[PDB]
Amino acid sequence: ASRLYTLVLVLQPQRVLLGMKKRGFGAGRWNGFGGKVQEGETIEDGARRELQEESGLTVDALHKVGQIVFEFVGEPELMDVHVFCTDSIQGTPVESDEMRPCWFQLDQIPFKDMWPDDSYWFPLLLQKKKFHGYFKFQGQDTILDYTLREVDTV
């Protein structure tokens, strides 16, 4: 019923890395880095792979910070998104044909040009709180219903 995805936020003391998607699903929005988890690959390894593929950064330690389930009206498959954070990275962000990474000061996170669910859970991530969320969408821009709570265990 659900498909596994990862989402990685590089969050440092005063700034966070986001990527502008240049084409495809979510073009024109800023977001974290991630994608589908592969056959035979752990969710964490998938998260590391996708951060490295999409941003050009090398990550050692990833930390589990959340789980978000997305439901899209009209679509049978739910998205089961495992959210991770890291402070410690190597390399510098790389712009590719698919993604333009940029650093944002924490007071200047571009919520109006991010997925609408981010306005709910990002503030939790910034204060190092872990969460479980569920968002029902109609299209890409409208949240019909949601739940969100803080958790001790992701």
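In this text, rigid core is short for the largest set of C-alphas that superpose within 1.5 Å between two forms. We number the residues from 1 along the sequence you see.
Task: Farther-lying stretch by C-alpha RMS in 6 other deposited structures of this protein (rigid core fit) among 120-128, 95-103 - done: Comparing 95-103 with 120-128, the one that moves more in 6 other deposited structures of this protein is 95-103.
Task: Higher C-alpha RMS shift from the shown form in 6 other deposited structures of this protein - 133-141 or 6-14, rigid core fit - done: Output: 133-141, the stretch lying farther off on average in 6 other deposited structures of this protein.
TODO: Mind pulling up the entry and telling me whether 85-93 or 109-117 has the higher mean Cα temperature factor?
DONE: Higher mean C-alpha B-factor: 85-93.
- [ ] May I ask you to compare 125-133 and 53-61 by their mean CA B factor in the entry and name the higher one?
- [x] Stretch with the higher mean C-alpha B-factor: 53-61.
Open item on the list: If I read the C-alpha B-factors straight from the PDB entry, which of 35, 66, 101, 26 is highest?
Closed with: Comparing C-alpha B-factors across 35, 66, 101, 26, the top value belongs to 26.
- [ ] Classify residue 148 as lowest, middle or highest third according to the C-alpha B-factor given in the PDB entry, relative to its own chain.
- [x] Bottom third by C-alpha B-factor.
Open item on the list: Lowest, middle or highest third: which one holds residue 75 when the chain's residues are ordered by CA B-factor from the entry?
Closed with: Top third by C-alpha B-factor.
Task: Record-listed C-alpha B factor of residue 1: chain third - done: Its C-alpha B-factor belongs to the highest third of this chain's values.
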